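Now for the letters of each chain:
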Amino acid sequence: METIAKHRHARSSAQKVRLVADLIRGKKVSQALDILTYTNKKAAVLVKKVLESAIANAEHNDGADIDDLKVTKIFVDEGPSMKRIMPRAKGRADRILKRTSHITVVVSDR
Amino acid sequence: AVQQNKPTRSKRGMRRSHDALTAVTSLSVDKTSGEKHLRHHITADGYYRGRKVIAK
Amino acid sequence: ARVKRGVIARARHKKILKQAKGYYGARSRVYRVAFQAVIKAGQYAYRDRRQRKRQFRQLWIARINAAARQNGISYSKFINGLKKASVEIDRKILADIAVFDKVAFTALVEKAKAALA
Amino acid sequence: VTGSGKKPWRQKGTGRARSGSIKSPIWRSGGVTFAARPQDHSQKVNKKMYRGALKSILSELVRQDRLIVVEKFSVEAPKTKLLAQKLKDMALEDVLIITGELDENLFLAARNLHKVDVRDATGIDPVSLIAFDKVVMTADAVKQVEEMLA
Amino acid sequence: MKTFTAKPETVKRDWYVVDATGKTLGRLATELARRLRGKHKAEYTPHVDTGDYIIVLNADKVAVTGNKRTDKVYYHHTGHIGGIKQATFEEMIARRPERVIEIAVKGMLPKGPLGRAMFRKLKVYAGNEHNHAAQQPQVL
RNA sequence: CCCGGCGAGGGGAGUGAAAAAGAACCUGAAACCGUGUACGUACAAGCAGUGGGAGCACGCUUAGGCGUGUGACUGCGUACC
RNA sequence: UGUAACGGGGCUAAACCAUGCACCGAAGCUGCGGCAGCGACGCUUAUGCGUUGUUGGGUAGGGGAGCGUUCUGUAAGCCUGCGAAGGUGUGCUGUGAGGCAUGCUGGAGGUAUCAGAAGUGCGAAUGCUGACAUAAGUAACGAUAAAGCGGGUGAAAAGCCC
């Protein structure tokens with residue numbers, strides 16, 4: 001386990017955050033910026049400052065090795081609930097959703 | 001025409017194969033140790049050695 | 001009297017039942033199966049634990065016809081000769097020892113051959 | 001209820017509707033659906049339901065129960081706590097503190113813990129005949145013929 | 001305790017040169033099914049999952065014994081119902097080892113189910129003793 | 001106390017029985033979801049089955065055929081009202 | 001509009017008709033279990049258990065019988081902050097509503113007696129109150145008709161500003 005620095009709160013759907021999360025697992029962390037900071041979508045920027053502020057803690061805050069904290073999962077949940085309106089039809093369609101994103105990072109080691 | 005059959009289950013939610021990404025590598029090179037990019041030498045002032053574009 | 005629809009409602013549907021999958025979303029895992037359609041899961045065997053048996057009958061008799069063919073001792077046409085003896089009725093399953101017994105089972109058809117054959 | 005009937009509007013022009021009445025006893029803020037009537041009904045009894053072998057339980061039990069002893073005067077009453085010591089002639093100590101006699105005396109102190117409403121004077125109230133251990137009727141021969149209710 | 005015998009995958013294959021080709025063809029192309037399944041090898045699983053290895057030798061000898069031979073067609077129309085049709089007949093097509101005039105088991109396992117894995121186990125190499133491209137170990 | 005954007009959130013302390021009481025204050029499943037233990041698996045048929053059973057992620061057994069679920073083979077069909 | 005009259009594949013006799021024979025063989029009567037109804041018996045009799053006969057698909061009608069989230073009552077009566085209890089999935093149990101337990105748990109509660117009948121046993125009212133799993137990367141993205149850098153700065157400038 002060791003760290004879990006999720007961020008809040010985004011403007012996108014949980015799908016947009018979902019697309020880059022999978023690469024980083026268990027054989028990368030030594031250099032965990034590149035892949036995300038070269039893939040500059042508002043998605044991968046979130047997950048990029050999720051990772052830094054997590055592992056920059058773990059090496060001062062447990063006392064572990066920055067290099068071997070393998071990154072064993074990374075999963076995603078929404079919510080609670082955020083709305084607005086855009087009066088396309090003014091009593092029918094009209095109410096645009098904001099699902100949020102926070103990234104349960106879950107680090108642990110090799 | 002109005003929505004009138006099955007949800008985004010299995011054969012719709014699955015669709016990920018060509019939504020894909022490039023698993024690109026990166027060069028360490030201590031000539032610019034952290035303001036750098038995968039080969040592009042500095043993300044801002046256009047460095048190599050001396051006075052390039054707006055560097056040094 | 002207040003009901004609040006409960007107690008017996010999630011009860012008549014799953015509880016202990018050793019069945020993890022079930023019919024997916026709008027047929028089942030929503031609610032819809034629970035009262036009027038969860039009975040179906042036996043109905044493909046509610047008549048057939050009889051009717052199915054016809055398929056496998058050719059297994060047990062195999063061991064009294066596959067080689068016995070080339071001797072002419074043909075299942076359907078041997079059986080009239082045999083049934084002339086009122087103690088020799090139940091050849092149906094009891095002949096199946098013929099699958100391993102071959103090397104001393106070869107003798108069995110000598111017993112009445114003079115008139116049988 | 002206050003809610004706007006009766007109907008507000010003509011439900012068309014969507015190819016999807018079914019309801020709009022507002023009240024209607026069904027939907028929201030209200031109420032009791034069943035005519036809103038006050039159900040005040042005295043469920044009447046007849047005269048010889050009391051005369052009426054109702055009193056005859058003391059021949060059903062006969063061994064533990066009606067406990068024929070003495071009339072009520074014996075109670076303190078400003079220390080009714082004490083009557084446990086004196087309730088030993090009937091043996092009963094505290095179980096169901098009645099006596100079912102005929103007169104005005106200090107024995108209303110009996111109901112200090114709940115028990116039952118006591119009643120005493122002549123009408124023994126029939127819901128006191130079913131189903132307690134100690135149906136005490138304890139006073140004298142004031143039972144002759146119609147007097148058995150007492 | 002069971003009377004059943006699954007897999008069996010495949011325990012009885014009876015490697016046999018089907019010499020009956022042409023000289024009593026339409027008697028035993030009808031029952032190549034009941035052979036792969038049965039009649040000798042019936043002693044394990046004569047209905048379910050099993051496989052066999054029968055040995056092919058010739059193909060263009062169909063014999064067939066009736067007027068049927070020079071006027072019965074076959075049709076595939078493989079794309080969009082064909083439109084423009086075909087009209088070759090049985091002793092004219094059999095010249096080629098194809099998919100409809102030579103396997104027989106096509107018509108006896110007649111849909112695809114249970115047949116879906118046992119297409120070319122019999123090889124269908126055709127050309128007599130010059131073309132014994134089958135099993136090196138000793139076939140019957 | 002520690003990291004980061006002189007931020008968001010967590011990892012330990014902690015008033016505390018409790019943060020599964022943390023100010024998107026309810027001691028608390030529902031429509032739908034993410035990473036995973038193993039399945040079936042990019043030649044698909046027909047309410048996706050309960051059968052009949054191979055052995056597989058795992059578990060108990062002085063050996064004793066069982067405690068476990070997607071469900072190779074295919075059989076049976078049309079669950080409604 | 002793909003040869004498409006047994007479902008095929010047409011079988012030169014395997015057939016077609018007459019004569020022999022034993023296998024398959026719906027839920028169809030048999031093995032032998034359990035038994036609701038209206039009858040007959042051996043006796044019992046508050047009555048019932050077995051024998052014997054008729055026999056066991058069930059929306060129009062009349063018979064006549066099981067049980068609950070808990071309210072009004074069984075009960076300062078015994079039960080529980082040593083857990084009284086759900087969502088759940090240990091183990092068997094009724095002919096069944098479902099449980100007597102229970103398994104891993106919760107954090108206040110009960111009716112194995114019978115008295116009680118009505119906010120009365122829900123998924124189909126073209127749902128309703130508030131919703132959204134859903135229509136994909138869901139505007140013509142705000143007409144298609146404008147832009148070019150060198151900078152000043154900074155927590156980040158197609159825009160600010162020179």
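Preceding block: the structure.
Residues numbered from 1 in each chain as written, not as in the entry; some residues may be left out. Chains lettered and ligands numbered in written order. Part of a larger assembly, values for the part shown. Heavy atoms only, no water.

### Considering the protein's contact with RNA strand F
- Around RNA strand F, a shell composed of 53 residues is seen, among which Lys73 of chain A, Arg9 of chain B together with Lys40, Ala41 and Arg49 of chain C lie nearest.
- Counted by atom, the contact set of RNA strand F within 4 Å of the protein is 73% sugar and phosphate.
- Within the contact set of RNA strand F, a sugar or linking oxygen lies 3.2 Å away from a side-chain nitrogen or oxygen of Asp48 of chain C.
- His47 of chain E has a polar side-chain atom sitting 3.4 Å from a phosphate oxygen of RNA strand F. (Near = heavy atom within 4 Å. Polar contact = N/O pair within 3.5 Å; in protein donor to acceptor, adjacent residues only side chain to side chain.)

### With respect to a negative patch on the surface
All names here are of chain A.
- A cluster of acidic side chains, namely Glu2, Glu59, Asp62, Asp65, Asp67, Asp68 and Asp109, defines a negative patch on the protein surface.
- Note on placement: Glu59 falls in helix α3 (residues 42-61).
- On the accessibility criterion, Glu59 (32% relative accessible area) is partly exposed. (Patch = residues over 30% accessible without salt bridge, like charges linked within 9 Å, V, L, I, M, F, W, Y side chains within 5 Å. Areas by Shrake-Rupley, 256 points an atom, 1.4 Å probe, with all protein chains shown as cover. Salt bridge = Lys/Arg side-chain N within 4 Å of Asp/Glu carboxyl O. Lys, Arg positive; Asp, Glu negative; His and termini not counted. Charge placed at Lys NZ, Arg CZ, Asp CG, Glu CD. Helix = DSSP H or I, 4+ residues; strand = E, 2+ residues; numbered from the N terminus. Buried < 20%, exposed > 50% of the residue type's maximum accessible area, 1.4 Å probe, protein only.)

### Details of the pattern of salt bridges
- By the definition in use, this model includes 20 salt bridges over all chains.
- One salt bridge connects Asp96 of chain C with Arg63 of chain C, and the closest N-O pair in it is separated by 2.6 Å. Taken as a pair, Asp96 of chain C in the loop between α5 (91-94) and α6 (102-105) and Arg63 of chain C in the loop between α3 (57-60) and α4 (75-83) lie far apart in primary sequence, 33 residues in all.
- A relative accessible area of 22% places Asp96 of chain C in the partly exposed class.
- The salt bridge partner of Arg119 of chain D is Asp125 of chain D, with a shortest N-O separation of 2.7 Å.
- Taking the relative accessible area as the measure of exposure, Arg119 of chain D reaches 48% and is therefore partly exposed.
- When salt bridges that share partners are traced, they join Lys48, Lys49 and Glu52 of chain A into one network.

### Things to note about the interface of chain B and chain A
- Contacts between the two partners involve nine residues from chain B, matched on the other side by nine residues from chain A.
- Buried area between chain B and chain A, both sides added, is near 780 Å², and the carbon and sulfur share of it is 68%.
- Summed over the three residues of chain B that lose the most area to chain A, namely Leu21, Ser26 and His37 of chain B, the buried surface amounts to 49% of that side.
- The interface formed by chain B and chain A contains zero salt bridges.
- On inspection of chain B and its partner chain A, the count reaches two residue pairs in polar contact.
- Residues belonging to the side of chain B that touches chain A are distributed by class as follows: four nonpolar, three polar and two charged. (Contact = heavy atoms within 4.5 Å. Buried area = accessible area lost by both parts, 1.4 Å probe. Nonpolar A, V, L, I, M, F, W, Y, C, P; charged D, E, K, R; others polar.)

### Some details on the interface of chain E and chain C
- At the junction of the two partners, chain E supplies eleven residues and chain C supplies ten residues.
- Summing both partners gives a buried area of about 850 Å² for chain E against chain C, and 55% of it is carried by carbon and sulfur.
- If you look at where chain E meets chain C, you find zero salt bridges.
- Taken together, the connections running from chain E to chain C amount to two residue pairs in polar contact.

All we've got here are geometric facts, nothing functional implied.
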